[PDB]
>>> print(open('start23.csv').read())   # CSV, C-alpha atoms
chain,number,residue,atom,x,y,z
D,1,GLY,CA,-95.1,-222.0,31.4
D,2,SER,CA,-91.8,-221.9,33.2
D,10,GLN,CA,-90.5,-218.7,31.4
D,11,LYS,CA,-90.4,-215.6,33.7
D,12,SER,CA,-89.9,-211.9,33.0
D,13,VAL,CA,-89.0,-209.0,35.3
D,14,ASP,CA,-88.1,-205.4,34.9
D,15,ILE,CA,-84.5,-204.4,35.8
D,16,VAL,CA,-84.4,-200.7,36.9
D,17,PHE,CA,-81.4,-198.5,36.8
D,18,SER,CA,-81.9,-194.9,38.2
D,19,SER,CA,-80.1,-192.1,39.9
D,20,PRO,CA,-80.1,-192.5,43.7
D,21,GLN,CA,-83.7,-192.7,45.0
D,22,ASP,CA,-84.9,-191.9,48.5
D,23,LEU,CA,-86.3,-195.4,48.9
D,24,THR,CA,-85.4,-198.8,47.8
D,25,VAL,CA,-88.3,-201.4,47.7
D,26,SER,CA,-87.8,-205.1,47.5
D,27,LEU,CA,-90.7,-207.6,47.4
D,28,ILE,CA,-89.6,-211.1,47.9
D,29,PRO,CA,-92.1,-214.0,47.4
D,30,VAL,CA,-91.8,-217.2,49.5
D,31,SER,CA,-90.7,-220.2,47.5
D,32,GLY,CA,-92.2,-223.7,48.0
D,33,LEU,CA,-95.8,-222.6,48.9
D,34,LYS,CA,-98.0,-225.7,48.8
D,35,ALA,CA,-101.5,-225.7,47.3
D,36,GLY,CA,-104.2,-227.0,49.7
D,37,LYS,CA,-104.8,-226.2,53.4
D,38,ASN,CA,-102.3,-223.6,54.7
D,39,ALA,CA,-101.6,-222.3,58.2
D,40,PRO,CA,-103.3,-219.2,59.5
D,41,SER,CA,-101.0,-216.2,58.8
D,42,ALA,CA,-98.7,-218.3,56.6
D,43,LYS,CA,-96.0,-216.1,55.2
D,44,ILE,CA,-96.1,-215.5,51.4
D,45,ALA,CA,-93.8,-212.6,50.8
D,46,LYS,CA,-91.6,-210.1,52.5
D,47,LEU,CA,-91.6,-206.4,51.8
D,48,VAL,CA,-88.3,-204.7,52.5
D,49,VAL,CA,-88.1,-200.9,52.4
D,50,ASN,CA,-84.6,-199.5,52.8
D,51,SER,CA,-83.4,-195.9,52.8
D,52,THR,CA,-80.2,-194.2,53.8
D,53,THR,CA,-81.9,-190.8,53.7
D,54,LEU,CA,-85.6,-191.1,54.7
D,55,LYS,CA,-87.0,-192.0,58.1
D,56,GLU,CA,-90.5,-193.1,57.2
D,57,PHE,CA,-92.8,-194.3,54.5
D,58,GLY,CA,-96.5,-195.3,54.0
D,59,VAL,CA,-97.6,-198.5,52.2
D,60,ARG,CA,-100.8,-200.0,50.8
D,61,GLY,CA,-101.5,-203.0,48.7
D,62,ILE,CA,-103.1,-202.0,45.4
D,63,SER,CA,-106.1,-204.2,44.5
D,64,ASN,CA,-109.6,-204.2,43.1
D,65,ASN,CA,-110.7,-205.9,46.4
D,66,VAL,CA,-109.1,-204.0,49.3
D,67,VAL,CA,-110.9,-205.2,52.5
D,68,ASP,CA,-109.8,-202.8,55.3
D,69,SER,CA,-109.5,-199.1,55.6
D,70,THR,CA,-105.7,-198.9,55.4
D,71,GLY,CA,-105.1,-201.1,52.4
D,72,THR,CA,-103.3,-203.5,54.6
D,73,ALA,CA,-105.6,-206.4,53.7
D,74,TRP,CA,-107.1,-207.4,50.4
D,75,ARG,CA,-108.0,-210.4,48.3
D,76,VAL,CA,-106.3,-211.6,45.1
D,77,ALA,CA,-107.8,-213.9,42.4
D,78,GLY,CA,-105.6,-216.6,40.8
D,79,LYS,CA,-104.5,-215.8,37.3
D,80,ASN,CA,-105.4,-219.3,36.0
D,81,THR,CA,-108.4,-220.3,38.1
D,82,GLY,CA,-110.0,-217.1,39.4
D,83,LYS,CA,-110.0,-218.6,42.9
D,84,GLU,CA,-109.3,-216.0,45.6
D,85,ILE,CA,-106.9,-215.8,48.6
D,86,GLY,CA,-106.9,-213.2,51.4
D,87,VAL,CA,-103.5,-211.5,51.9
D,88,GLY,CA,-102.2,-208.6,54.0
D,89,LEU,CA,-99.6,-207.5,56.4
D,90,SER,CA,-99.1,-209.8,59.5
D,91,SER,CA,-100.3,-208.6,62.8
D,92,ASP,CA,-96.7,-208.3,64.1
D,93,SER,CA,-95.8,-206.1,61.1
D,94,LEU,CA,-98.9,-203.9,61.6
D,95,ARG,CA,-97.8,-203.2,65.2
D,96,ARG,CA,-94.7,-201.6,63.8
D,97,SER,CA,-96.7,-198.6,62.6
D,98,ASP,CA,-97.0,-195.7,65.0
D,99,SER,CA,-99.3,-193.4,63.0
D,100,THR,CA,-101.8,-193.4,60.1
D,101,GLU,CA,-102.0,-190.4,57.7
D,102,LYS,CA,-105.0,-189.5,55.5
D,103,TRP,CA,-104.2,-188.5,51.9
D,104,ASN,CA,-107.0,-187.4,49.6
D,105,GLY,CA,-109.5,-189.3,51.7
D,106,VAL,CA,-107.3,-192.5,51.9
D,107,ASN,CA,-105.6,-193.9,54.9
D,108,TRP,CA,-101.9,-194.8,54.8
D,109,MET,CA,-100.2,-196.5,57.8
D,110,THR,CA,-96.6,-195.1,58.4
D,111,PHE,CA,-93.6,-197.3,59.1
D,112,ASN,CA,-89.9,-196.7,59.7
D,113,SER,CA,-87.5,-197.3,56.8
D,114,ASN,CA,-85.1,-200.3,56.9
D,115,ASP,CA,-87.5,-202.8,58.1
D,116,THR,CA,-89.1,-206.0,56.7
D,117,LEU,CA,-92.9,-206.3,56.7
D,118,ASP,CA,-94.4,-209.7,56.3
D,119,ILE,CA,-97.2,-210.3,53.8
D,120,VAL,CA,-99.3,-213.3,54.9
D,121,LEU,CA,-102.4,-215.3,54.2
D,122,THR,CA,-104.8,-213.4,56.5
D,123,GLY,CA,-107.4,-214.6,59.0
D,124,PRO,CA,-108.5,-218.3,59.3
D,125,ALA,CA,-106.5,-221.0,57.6
D,126,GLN,CA,-107.2,-220.9,53.9
D,127,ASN,CA,-107.5,-223.8,51.4
D,128,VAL,CA,-105.5,-222.5,48.5
D,129,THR,CA,-106.0,-223.5,44.9
D,130,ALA,CA,-102.8,-224.1,43.0
D,131,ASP,CA,-102.3,-220.9,41.0
D,132,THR,CA,-100.4,-217.7,40.6
D,133,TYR,CA,-101.5,-214.7,42.6
D,134,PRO,CA,-100.0,-211.3,41.7
D,135,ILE,CA,-99.7,-208.7,44.4
D,136,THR,CA,-98.6,-205.1,44.2
D,137,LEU,CA,-97.4,-203.0,47.1
D,138,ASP,CA,-97.2,-199.2,46.8
D,139,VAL,CA,-94.6,-197.4,49.0
D,140,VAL,CA,-94.7,-193.6,49.5
D,141,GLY,CA,-91.7,-191.9,51.2
B,1,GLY,CA,-95.3,-194.2,44.9
B,2,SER,CA,-92.5,-196.8,44.5
B,10,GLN,CA,-94.5,-199.8,43.5
B,11,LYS,CA,-93.3,-203.4,43.4
B,12,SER,CA,-95.3,-206.4,42.1
B,13,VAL,CA,-94.5,-210.1,42.5
B,14,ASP,CA,-96.3,-213.4,41.7
B,15,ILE,CA,-97.2,-215.5,44.8
B,16,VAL,CA,-97.2,-219.1,43.6
B,17,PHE,CA,-98.9,-222.0,45.3
B,18,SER,CA,-98.3,-225.3,43.6
B,19,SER,CA,-98.6,-229.1,43.8
B,20,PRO,CA,-95.5,-231.0,45.1
B,21,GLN,CA,-94.5,-232.4,41.6
B,22,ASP,CA,-94.9,-229.0,39.9
B,23,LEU,CA,-92.0,-227.0,38.4
B,24,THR,CA,-92.0,-223.3,39.6
B,25,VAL,CA,-89.7,-220.6,38.5
B,26,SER,CA,-89.0,-217.3,40.3
B,27,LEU,CA,-86.9,-214.4,38.9
B,28,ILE,CA,-86.0,-211.8,41.6
B,29,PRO,CA,-84.7,-208.4,40.5
B,30,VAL,CA,-82.0,-206.5,42.4
B,31,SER,CA,-83.4,-203.2,43.8
B,32,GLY,CA,-81.4,-200.0,44.1
B,33,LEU,CA,-79.4,-200.4,40.9
B,34,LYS,CA,-77.5,-197.3,40.0
B,35,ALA,CA,-77.4,-195.6,36.6
B,36,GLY,CA,-73.9,-194.7,35.4
B,37,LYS,CA,-70.8,-196.7,35.6
B,38,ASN,CA,-71.1,-200.1,37.3
B,39,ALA,CA,-68.7,-202.7,38.5
B,40,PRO,CA,-68.1,-205.7,36.2
B,41,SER,CA,-70.5,-208.6,36.7
B,42,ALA,CA,-72.8,-206.5,39.0
B,43,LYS,CA,-75.8,-208.7,39.9
B,44,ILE,CA,-79.2,-207.6,38.5
B,45,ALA,CA,-81.4,-210.7,39.2
B,46,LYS,CA,-81.5,-214.1,40.7
B,47,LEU,CA,-83.2,-217.1,39.1
B,48,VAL,CA,-84.7,-219.8,41.4
B,49,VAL,CA,-86.2,-223.0,40.2
B,50,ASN,CA,-88.5,-225.1,42.5
B,51,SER,CA,-89.6,-228.7,42.3
B,52,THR,CA,-88.7,-231.6,44.7
B,53,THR,CA,-88.9,-234.1,41.8
B,54,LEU,CA,-87.2,-232.5,38.8
B,55,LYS,CA,-83.5,-233.2,38.5
B,56,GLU,CA,-82.3,-230.9,35.8
B,57,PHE,CA,-83.5,-227.9,33.7
B,58,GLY,CA,-82.1,-225.9,30.7
B,59,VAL,CA,-82.3,-222.1,30.9
B,60,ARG,CA,-81.8,-219.5,28.2
B,61,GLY,CA,-82.4,-215.7,28.2
B,62,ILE,CA,-84.6,-214.3,25.4
B,63,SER,CA,-84.4,-210.9,23.8
B,64,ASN,CA,-84.1,-209.4,20.3
B,65,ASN,CA,-80.3,-209.8,20.6
B,66,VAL,CA,-79.0,-213.1,22.0
B,67,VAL,CA,-75.2,-213.1,21.9
B,68,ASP,CA,-73.9,-216.6,22.4
B,69,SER,CA,-74.9,-220.0,21.2
B,70,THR,CA,-76.5,-221.2,24.5
B,71,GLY,CA,-78.6,-218.1,25.1
B,72,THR,CA,-76.6,-217.5,28.3
B,73,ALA,CA,-75.7,-213.9,27.3
B,74,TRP,CA,-77.8,-211.3,25.5
B,75,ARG,CA,-78.5,-207.6,25.3
B,76,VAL,CA,-81.6,-205.7,26.3
B,77,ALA,CA,-82.7,-202.2,25.1
B,78,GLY,CA,-84.1,-199.7,27.6
B,79,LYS,CA,-87.8,-199.0,27.3
B,80,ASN,CA,-87.5,-195.2,27.2
B,81,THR,CA,-84.1,-194.6,25.6
B,82,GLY,CA,-83.2,-197.6,23.5
B,83,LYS,CA,-79.8,-197.7,25.2
B,84,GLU,CA,-78.6,-201.3,25.7
B,85,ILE,CA,-77.0,-203.3,28.5
B,86,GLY,CA,-75.3,-206.6,28.2
B,87,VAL,CA,-76.7,-209.3,30.6
B,88,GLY,CA,-76.2,-213.0,31.1
B,89,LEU,CA,-75.5,-215.7,33.6
B,90,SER,CA,-72.5,-215.0,35.8
B,91,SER,CA,-69.2,-217.0,35.4
B,92,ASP,CA,-69.8,-218.7,38.7
B,93,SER,CA,-73.4,-219.7,37.7
B,94,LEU,CA,-72.1,-220.9,34.3
B,95,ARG,CA,-69.6,-223.1,36.1
B,96,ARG,CA,-72.4,-224.9,37.8
B,97,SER,CA,-73.8,-226.3,34.5
B,98,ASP,CA,-74.2,-230.0,34.0
B,99,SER,CA,-74.1,-230.4,30.2
B,100,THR,CA,-74.9,-228.6,27.0
B,101,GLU,CA,-77.5,-230.4,25.0
B,102,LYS,CA,-79.4,-229.6,21.8
B,103,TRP,CA,-83.2,-229.7,21.7
B,104,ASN,CA,-85.0,-228.8,18.5
B,105,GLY,CA,-81.9,-227.1,16.9
B,106,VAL,CA,-81.1,-224.9,19.9
B,107,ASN,CA,-78.2,-225.4,22.3
B,108,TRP,CA,-79.1,-225.4,26.0
B,109,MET,CA,-77.0,-225.5,29.1
B,110,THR,CA,-78.5,-227.7,31.8
B,111,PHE,CA,-78.5,-227.1,35.6
B,112,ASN,CA,-79.4,-228.9,38.8
B,113,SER,CA,-82.7,-228.0,40.3
B,114,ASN,CA,-82.1,-226.3,43.7
B,115,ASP,CA,-79.1,-224.4,42.3
B,116,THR,CA,-79.9,-220.6,42.0
B,117,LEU,CA,-78.4,-218.7,39.2
B,118,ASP,CA,-77.2,-215.1,39.1
B,119,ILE,CA,-78.0,-212.8,36.1
B,120,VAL,CA,-75.4,-210.0,35.9
B,121,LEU,CA,-74.1,-207.1,33.7
B,122,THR,CA,-71.7,-209.2,31.6
B,123,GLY,CA,-68.1,-208.4,30.4
B,124,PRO,CA,-66.3,-205.2,31.2
B,125,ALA,CA,-67.7,-202.5,33.4
B,126,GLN,CA,-70.8,-200.9,31.8
B,127,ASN,CA,-72.0,-197.3,31.9
B,128,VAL,CA,-75.8,-197.8,32.2
B,129,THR,CA,-78.4,-195.2,31.1
B,130,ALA,CA,-81.2,-194.7,33.6
B,131,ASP,CA,-84.1,-196.7,32.2
B,132,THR,CA,-86.1,-200.0,32.7
B,133,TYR,CA,-84.8,-203.1,31.0
B,134,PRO,CA,-87.1,-206.1,30.8
B,135,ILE,CA,-85.3,-209.5,31.1
B,136,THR,CA,-86.8,-212.8,30.3
B,137,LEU,CA,-85.4,-216.2,31.3
B,138,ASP,CA,-86.9,-219.4,29.8
B,139,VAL,CA,-86.7,-222.6,31.9
B,140,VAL,CA,-87.4,-226.0,30.4
B,141,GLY,CA,-87.5,-229.1,32.5
B,142,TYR,CA,-85.0,-231.6,31.3
>>> encode(input="start23.csv", output="structure tokens")
Amino acid sequence: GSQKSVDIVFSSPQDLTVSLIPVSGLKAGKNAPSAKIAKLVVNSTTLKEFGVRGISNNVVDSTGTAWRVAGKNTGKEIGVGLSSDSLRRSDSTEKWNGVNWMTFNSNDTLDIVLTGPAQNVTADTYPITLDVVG
Amino acid sequence: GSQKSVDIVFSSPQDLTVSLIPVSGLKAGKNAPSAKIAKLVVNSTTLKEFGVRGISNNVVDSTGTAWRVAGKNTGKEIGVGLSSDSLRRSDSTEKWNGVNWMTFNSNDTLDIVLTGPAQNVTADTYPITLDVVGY
């Protein structure tokens, strides 16, 4: 349906502020390689760096910077992940409990895109979750 | 860590798609009157108008343009609703199936805000729900 819900969070000052903005007007069907689908903005007035991974049951690279998401209504999959340009903004990778996290500077916008070759996308809703650690 | 989830929507050109974007960094405690908490965006290149109403256990005006939401942890409430500026962009107020709805132009984004006088907000999570119906 057209009804939408979202959590509104009020808290004491936090070290990081994370905003994940989806791209509007995405068209089902063939899409361009690395087409942008969302922007992850991590801001901080107090911390210099953070690590970030996409959380998914189908992560496809070691750093959690690429994964696949199945459509809620059809089960069809798309491959998503950070753009190559965004990935270049990372100057180090940290390992935490056997898992690799790429580090980035706060106050930056990282683009989430349709990875690899051009994808033929089925009209559907594809949830994505990004986890940021300061 | 700090996690954020959003729906990525791919649709057909005639489809109606709605997006509700929350404001990050909101501060518990006293807030300024009408502080923005979310933005509602409706997408379609063919739809001309839509009605929109908030939904909660305590809707406080006839058109569902103002309501109150209780925090998940504490039960403390906040008053939310369309901003004055957003309300002024309305086309008409119609009644469908015994409920009054205010209508808006597609392409117009609407701001959801802390309504009325300045509110002292308890640190908590407040789910908000906006219902959009193609007119």
>>> residues_around(input="start23.csv", residues="residue B:51", least_positions_apart="4", cutoff="12 Å", atoms="all atoms listed in the file", output="ChimeraX atom specification")
/D:2,31-34 /B:17-26,55-57,112-115,141
>>> atom_distance(input="start23.csv", atom1="atom CA of residue D:60", atom2="atom CA of residue D:114")
16.8 Å
>>> interface_residues(input="start23.csv", of="chain D", to="chain B", cutoff="7 Å", atoms="all atoms listed in the file", output="ChimeraX atom specification")
/D:2,10-20,24-27,29,32-35,44,130-140
>>> write_last_selection(input="start23.csv", atoms="C-alpha atoms", output="PDB file, keeping the file's coordinate frame")
ATOM      1  CA  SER D   2     -91.800-221.900  33.200  1.00  0.00           C
ATOM      2  CA  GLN D  10     -90.500-218.700  31.400  1.00  0.00           C
ATOM      3  CA  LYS D  11     -90.400-215.600  33.700  1.00  0.00           C
ATOM      4  CA  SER D  12     -89.900-211.900  33.000  1.00  0.00           C
ATOM      5  CA  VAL D  13     -89.000-209.000  35.300  1.00  0.00           C
ATOM      6  CA  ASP D  14     -88.100-205.400  34.900  1.00  0.00           C
ATOM      7  CA  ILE D  15     -84.500-204.400  35.800  1.00  0.00           C
ATOM      8  CA  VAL D  16     -84.400-200.700  36.900  1.00  0.00           C
ATOM      9  CA  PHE D  17     -81.400-198.500  36.800  1.00  0.00           C
ATOM     10  CA  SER D  18     -81.900-194.900  38.200  1.00  0.00           C
ATOM     11  CA  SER D  19     -80.100-192.100  39.900  1.00  0.00           C
ATOM     12  CA  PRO D  20     -80.100-192.500  43.700  1.00  0.00           C
ATOM     13  CA  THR D  24     -85.400-198.800  47.800  1.00  0.00           C
ATOM     14  CA  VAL D  25     -88.300-201.400  47.700  1.00  0.00           C
ATOM     15  CA  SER D  26     -87.800-205.100  47.500  1.00  0.00           C
ATOM     16  CA  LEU D  27     -90.700-207.600  47.400  1.00  0.00           C
ATOM     17  CA  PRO D  29     -92.100-214.000  47.400  1.00  0.00           C
ATOM     18  CA  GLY D  32     -92.200-223.700  48.000  1.00  0.00           C
ATOM     19  CA  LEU D  33     -95.800-222.600  48.900  1.00  0.00           C
ATOM     20  CA  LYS D  34     -98.000-225.700  48.800  1.00  0.00           C
ATOM     21  CA  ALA D  35    -101.500-225.700  47.300  1.00  0.00           C
ATOM     22  CA  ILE D  44     -96.100-215.500  51.400  1.00  0.00           C
ATOM     23  CA  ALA D 130    -102.800-224.100  43.000  1.00  0.00           C
ATOM     24  CA  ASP D 131    -102.300-220.900  41.000  1.00  0.00           C
ATOM     25  CA  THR D 132    -100.400-217.700  40.600  1.00  0.00           C
ATOM     26  CA  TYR D 133    -101.500-214.700  42.600  1.00  0.00           C
ATOM     27  CA  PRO D 134    -100.000-211.300  41.700  1.00  0.00           C
ATOM     28  CA  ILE D 135     -99.700-208.700  44.400  1.00  0.00           C
ATOM     29  CA  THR D 136     -98.600-205.100  44.200  1.00  0.00           C
ATOM     30  CA  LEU D 137     -97.400-203.000  47.100  1.00  0.00           C
ATOM     31  CA  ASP D 138     -97.200-199.200  46.800  1.00  0.00           C
ATOM     32  CA  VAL D 139     -94.600-197.400  49.000  1.00  0.00           C
ATOM     33  CA  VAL D 140     -94.700-193.600  49.500  1.00  0.00           C
TER      34      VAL D 140
END
>>> residues_around(input="start23.csv", residues="residue B:42", least_positions_apart="5", cutoff="8 Å", atoms="only C-alpha atoms", output="ChimeraX atom specification")
/B:120-122
>>> write_last_selection(input="start23.csv", atoms="C-alpha atoms", output="PDB file, keeping the file's coordinate frame")
ATOM      1  CA  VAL B 120     -75.400-210.000  35.900  1.00  0.00           C
ATOM      2  CA  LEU B 121     -74.100-207.100  33.700  1.00  0.00           C
ATOM      3  CA  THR B 122     -71.700-209.200  31.600  1.00  0.00           C
TER       4      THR B 122
END
>>> residues_around(input="start23.csv", residues="stretch 68-79 of chain D", least_positions_apart="2", cutoff="8 Å", atoms="all atoms listed in the file", output="PDB file with C-alpha atoms, in the frame of the given file")
ATOM      1  CA  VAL D  59     -97.600-198.500  52.200  1.00  0.00           C
ATOM      2  CA  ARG D  60    -100.800-200.000  50.800  1.00  0.00           C
ATOM      3  CA  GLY D  61    -101.500-203.000  48.700  1.00  0.00           C
ATOM      4  CA  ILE D  62    -103.100-202.000  45.400  1.00  0.00           C
ATOM      5  CA  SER D  63    -106.100-204.200  44.500  1.00  0.00           C
ATOM      6  CA  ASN D  65    -110.700-205.900  46.400  1.00  0.00           C
ATOM      7  CA  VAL D  66    -109.100-204.000  49.300  1.00  0.00           C
ATOM      8  CA  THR D  81    -108.400-220.300  38.100  1.00  0.00           C
ATOM      9  CA  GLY D  82    -110.000-217.100  39.400  1.00  0.00           C
ATOM     10  CA  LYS D  83    -110.000-218.600  42.900  1.00  0.00           C
ATOM     11  CA  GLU D  84    -109.300-216.000  45.600  1.00  0.00           C
ATOM     12  CA  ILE D  85    -106.900-215.800  48.600  1.00  0.00           C
ATOM     13  CA  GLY D  86    -106.900-213.200  51.400  1.00  0.00           C
ATOM     14  CA  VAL D  87    -103.500-211.500  51.900  1.00  0.00           C
ATOM     15  CA  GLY D  88    -102.200-208.600  54.000  1.00  0.00           C
ATOM     16  CA  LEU D  89     -99.600-207.500  56.400  1.00  0.00           C
ATOM     17  CA  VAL D 106    -107.300-192.500  51.900  1.00  0.00           C
ATOM     18  CA  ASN D 107    -105.600-193.900  54.900  1.00  0.00           C
ATOM     19  CA  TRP D 108    -101.900-194.800  54.800  1.00  0.00           C
ATOM     20  CA  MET D 109    -100.200-196.500  57.800  1.00  0.00           C
ATOM     21  CA  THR D 122    -104.800-213.400  56.500  1.00  0.00           C
ATOM     22  CA  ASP D 131    -102.300-220.900  41.000  1.00  0.00           C
ATOM     23  CA  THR D 132    -100.400-217.700  40.600  1.00  0.00           C
ATOM     24  CA  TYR D 133    -101.500-214.700  42.600  1.00  0.00           C
ATOM     25  CA  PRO D 134    -100.000-211.300  41.700  1.00  0.00           C
ATOM     26  CA  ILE D 135     -99.700-208.700  44.400  1.00  0.00           C
TER      27      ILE D 135
END
>>> residues_around(input="start23.csv", residues="residue B:64", least_positions_apart="5", cutoff="10 Å", atoms="all atoms listed in the file", output="list in words")
residues 74, 75, 76 and 77 of chain B
>>> write_last_selection(input="start23.csv", atoms="C-alpha atoms", output="mmCIF file, in the frame of the given file")
data_model
loop_
_atom_site.group_PDB
_atom_site.id
_atom_site.type_symbol
_atom_site.label_atom_id
_atom_site.label_comp_id
_atom_site.auth_asym_id
_atom_site.auth_seq_id
_atom_site.Cartn_x
_atom_site.Cartn_y
_atom_site.Cartn_z
ATOM 1 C CA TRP B 74 -77.800 -211.300 25.500
ATOM 2 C CA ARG B 75 -78.500 -207.600 25.300
ATOM 3 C CA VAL B 76 -81.600 -205.700 26.300
ATOM 4 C CA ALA B 77 -82.700 -202.200 25.100
#
>>> closest_residue(input="start23.csv", among="D:95, D:23, D:39, D:30", to="residue D:127", atoms="all atoms listed in the file")
D:39
>>> atom_distance(input="start23.csv", atom1="atom CA of residue D:98", atom2="atom CA of residue D:125")
28.0 Å
>>> atom_distance(input="start23.csv", atom1="atom CA of residue D:49", atom2="atom CA of residue B:88")
27.2 Å
>>> closest_residue(input="start23.csv", among="D:28, D:113, D:103, D:64", to="residue D:43", atoms="only C-alpha atoms")
D:28
>>> residues_around(input="start23.csv", residues="residue D:117", least_positions_apart="4", cutoff="6 Å", atoms="all atoms listed in the file", output="list in words")
residues 46, 47 and 93 of chain D
>>> closest_residue(input="start23.csv", among="B:81, B:127, B:70, B:58", to="residue B:98", atoms="only C-alpha atoms")
B:58
